[PDB]
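Sequence order for the protein chains is 4, G, J and D. In terms of the entry's author numbering, the first sequence is residues 1 to 37. In terms of the entry's author numbering, the second sequence is residues 2 to 176. In terms of the entry's author numbering, the third sequence is residues 3 to 145. In terms of the entry's author numbering, the fourth sequence is residues 2 to 208. Note that the Cβ used here is the ideal one computed from N, Cα and C, for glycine as well.
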Amino acid sequence: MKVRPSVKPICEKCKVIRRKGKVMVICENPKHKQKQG
Amino acid sequence: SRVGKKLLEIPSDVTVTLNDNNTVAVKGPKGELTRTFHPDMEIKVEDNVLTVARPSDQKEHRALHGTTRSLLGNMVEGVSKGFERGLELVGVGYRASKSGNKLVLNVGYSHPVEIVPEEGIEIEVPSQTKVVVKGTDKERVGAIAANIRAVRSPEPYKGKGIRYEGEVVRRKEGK
Amino acid sequence: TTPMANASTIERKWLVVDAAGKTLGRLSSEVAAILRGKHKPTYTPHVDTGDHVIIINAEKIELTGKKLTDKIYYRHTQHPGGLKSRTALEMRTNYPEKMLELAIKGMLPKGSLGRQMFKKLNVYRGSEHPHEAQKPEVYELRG
Amino acid sequence: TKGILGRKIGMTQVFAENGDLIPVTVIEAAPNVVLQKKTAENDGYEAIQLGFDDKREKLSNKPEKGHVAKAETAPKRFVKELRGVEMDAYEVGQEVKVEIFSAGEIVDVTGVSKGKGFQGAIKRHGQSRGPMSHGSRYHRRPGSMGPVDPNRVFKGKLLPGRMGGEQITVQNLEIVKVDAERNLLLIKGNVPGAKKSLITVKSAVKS
RNA sequence: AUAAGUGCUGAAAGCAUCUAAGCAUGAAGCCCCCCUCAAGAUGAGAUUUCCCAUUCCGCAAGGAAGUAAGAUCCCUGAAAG
RNA sequence: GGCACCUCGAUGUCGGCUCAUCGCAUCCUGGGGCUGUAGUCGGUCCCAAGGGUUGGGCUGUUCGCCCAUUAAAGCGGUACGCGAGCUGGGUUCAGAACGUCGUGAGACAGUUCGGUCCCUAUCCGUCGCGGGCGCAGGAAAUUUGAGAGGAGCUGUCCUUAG
Ligand SMILES: [K+]
Ligand SMILES: [K+]
Ligand SMILES: [K+]
Ligand SMILES: [K+]
Ligand SMILES: [K+]
């Protein structure tokens, strides 16, 4: 996980979503997994 | 909701009964499934075609419409054809064995892991390296398959573990 | 010239309020008013002019928003770090009578008379109450 | 749950078959009797009330006479409930005897701990002394009453007072030996309270 | 029962998606379980057993007086202080 | 540090002792994601404050370094918590001395040796222990548990298995 104020697509296959009112990236690359915090 | 609006053909062998409070019971050759839906949705059955209707184009309704349609479709498919989920044990000495109704997994722990299936779910072990979870309810088939996968989820260094059939496990190089 | 109610003049009816499907606050504000006796023209500030209230179906009280999970009933035990908490959900399931009582208690006056007014509240989990002898009338919430 | 009441005779010791030396306590328990059976109907919980120890008819009163009348026994000096017991395996009047227990059986054992009277925060609260030397005028006082900020002492500042005479339960003691011609148990270890003091033995809660 | 986390099924958004509806799992932590106190819990709870409806004024209200069951004073003491 | 708002008809000041309590920005232990994670070890971030979190040498010290441990040797707040609880080594009275400055008396965040720490607890608070009345008759026992307190740590070895 990256938990960070700035959450963004790193690659092209990054996909910003929203779960539980929290901005997350998801991406086949598990490095790129983001949550916003 | 393209999904919601799509029309659901009921096969001749499946009877859908609409009960009070939007409770749909779906009966077919493989058994019966009962489920309550949200009141706002309008589920019609005309000439062996199930259609779902949303009261308004509010965010919630557009979402509910597609969901309801999808769930009813899964119920009809479930009682007719059934759902199966297939698992592949990858590993030296990794073996599944059915003991009565219990699935027993030997996956490199110091003890065997027993899984008891819930009602309506059959686990088959066609080979020592393959497990097939069968059932009517797509959710429950999925849940049990995930539970079995959880015992030893696939690792990236040699792909060892329990995987779904046709799962692309990401691989990293060790030494 | 202004008349004043006193123990000799006051006469208290018994009212049953069904809490089923009612908003916690909105029920509680009304009940508190009846307990104080704000609905009677003989209302006198320095005496308890109000009516008894039975609440039934306290377990079926409703909360809007995410208040079931998020509304927390704190309490302190007056020992250091003695702060306990229960969620509204936990209150409603296990302590429904306490939940209503707490809500109403906070809406009454606070001194000796206000404590006295609270004694006429009787709250119950299920549909039945044991106060058949008091011959309680139904009271619909004005809303 | 099995239970019985008893008096603490006092300790002694017992070689085991292996030859190991076992310290025991000697709980004389001349048969307990059942006096009441509480139920979920009546009392709102299921229990049995045991009586122990024949009281003299001088030392009794009409309310103690009256209460034992159903069981049909003499007034009992000690009366203690047991909850959790299997209700249908007793009857009011039934005697409860040490042979309910077995050797090697685990037990919990209650008593009232031996009283000390008023005690210092050293003994009472196992607190450290101050220095005894080095110009110290602080030997056995109980420490600082706490921070300034609150302008009050924090409830649970531990202080000298009356010590001992608490209900205490020790757990998971062995029954070493049962004697029913004497009405004794032998219990590996040391249980709360004086000699003659009332000891309750139960089956252990954590088995 | 939850946290982080992992999900299942699943649309909004023909796909995907742990979430919107719905359904799981999951911490030495939370609530219990264990130990102790506890009805001044004035919201003063419950159960068992005992005593039993006395004599006076006073129009009654009420007050006074002997007692019942029971307890105490005083006394012998300690396992208590 | 700045400011000079309370206290100069007095709010005792460092360190230690005794007694703790709180925060979490977590030192250990519990649960996780990512890893330039093979394993054993680690790194980093997330949840988690329940409990735990050492004995010495030197120095008035705090701090720090060192020795030996430990699962760990957390960081902070509480009048840099705690002197009507203790100490009084240091700082900060009067003596004396060194270096230094000063014509001098003297002086020095320079040093050195020596140098009085008062108080019978009224109230609240804390810890124990009684007496009173209450609890719609008077009693003797046994109780339910609203509620409150306590406890909460962790090593090593063997086996699984070389
Ligand atoms: K001053
Ligand atoms: K200060
Ligand atoms: K002092
Ligand atoms: K002071
Ligand atoms: K005061």
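If I'm right that residue i touches residue j with Cβ under 8 Å, what's the distance once you round it to whole angstroms?
i, j, result
"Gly83 (chain G)", "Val133 (chain G)", "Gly83 (chain G) to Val133 (chain G), Cβ: 11 Å. No contact."
"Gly194 (chain D)", "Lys9 (chain D)", "6 Å"
"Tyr141 (chain J)", "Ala60 (chain J)", "Not quite, the Cβ-Cβ distance comes to about 15 Å (not below 8 Å), so this is no contact."
"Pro40 (chain G)", "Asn20 (chain G)", "That pair is no contact at about 13 Å."
"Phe102 (chain D)", "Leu186 (chain D)", "6 Å"
"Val110 (chain D)", "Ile200 (chain D)", "6 Å"
"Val16 (chain 4)", "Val3 (chain 4)", "Their Cβ separation, rounded to whole angstroms, is 15 Å, which puts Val16 (chain 4) and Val3 (chain 4) out of contact at 8 Å."
"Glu140 (chain G)", "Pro155 (chain G)", "In fact, because the Cβ distance is near 23 Å, the residues do not count as touching under 8 Å."
"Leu73 (chain G)", "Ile44 (chain G)", "7 Å"
Among all the DSSP beta bridges, which residues are the ones paired with residue i?
i, result
"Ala144 (chain G)", "None, per the DSSP bridge assignment."
"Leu51 (chain D)", "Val35 (chain D), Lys81 (chain D)"
"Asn107 (chain G)", "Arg96 (chain G)"
"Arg4 (chain 4)", "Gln36 (chain 4)"
"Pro24 (chain D)", "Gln14 (chain D)"
"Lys45 (chain G)", "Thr52 (chain G)"
"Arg88 (chain J)", "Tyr75 (chain J)"
"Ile122 (chain G)", "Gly136 (chain G)"
"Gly118 (chain D)", "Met164 (chain D)"
"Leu199 (chain D)", "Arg8 (chain D)"
"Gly87 (chain G)", "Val133 (chain G)"
"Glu115 (chain G)", "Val105 (chain G)"
"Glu64 (chain J)", "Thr25 (chain J)"
Where do the N-terminal and C-terminal ends of the alpha helix (DSSP H) with residue i fall, by residue?
i, result
"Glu61 (chain G)", "60-81"
"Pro64 (chain D)", "63-69"
"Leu34 (chain G)", "Premise fails: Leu34 (chain G) lies in the beta strand (DSSP E), 32-37, not in any alpha helix (DSSP H)."
"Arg163 (chain D)", "Per DSSP, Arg163 (chain D) belongs to no alpha helix (DSSP H); it is in the beta strand (DSSP E), 162-164."
"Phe120 (chain J)", "114-120"
"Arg28 (chain J)", "26-38"
"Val110 (chain D)", "Careful: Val110 (chain D) lies outside any alpha helix (DSSP H), inside the beta strand (DSSP E) at 107-113."
"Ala105 (chain J)", "98-107"
"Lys69 (chain J)", "69-72"
"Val93 (chain D)", "From DSSP, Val93 (chain D) is part of no alpha helix (DSSP H); its letter is neither H nor E."
"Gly5 (chain G)", "3-6"
Examine chain D for any beta-carbon lying closer than 8 Å to the beta-carbon of residue i, and answer yes or no.
i, result
"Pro132 (chain J)", "no"
"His81 (chain J)", "yes"
Any beta carbon from chain J within less than 8 Å of residue i's own beta carbon?
i, result
"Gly162 (chain D)", "no"
"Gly157 (chain D)", "yes"
Which residue comes first and which comes last in the beta strand (DSSP E) that contains residue i?
i, result
"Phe16 (chain D)", "4-16"
"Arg130 (chain D)", "Looking at the DSSP string, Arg130 (chain D) is not in any beta strand (DSSP E), and its letter there is neither H nor E."
"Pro151 (chain D)", "That residue, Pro151 (chain D), is in no beta strand (DSSP E); it is neither H nor E in DSSP."
"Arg18 (chain 4)", "15-18"
"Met24 (chain 4)", "23-26"
"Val49 (chain J)", "Taken as a continuous stretch (DSSP letters only), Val49 (chain J) belongs to no beta strand (DSSP E), as it is neither H nor E."
"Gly162 (chain G)", "162-165"
"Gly136 (chain G)", "131-136"
"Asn184 (chain D)", "Careful: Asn184 (chain D) lies outside any beta strand (DSSP E) and carries neither H nor E."
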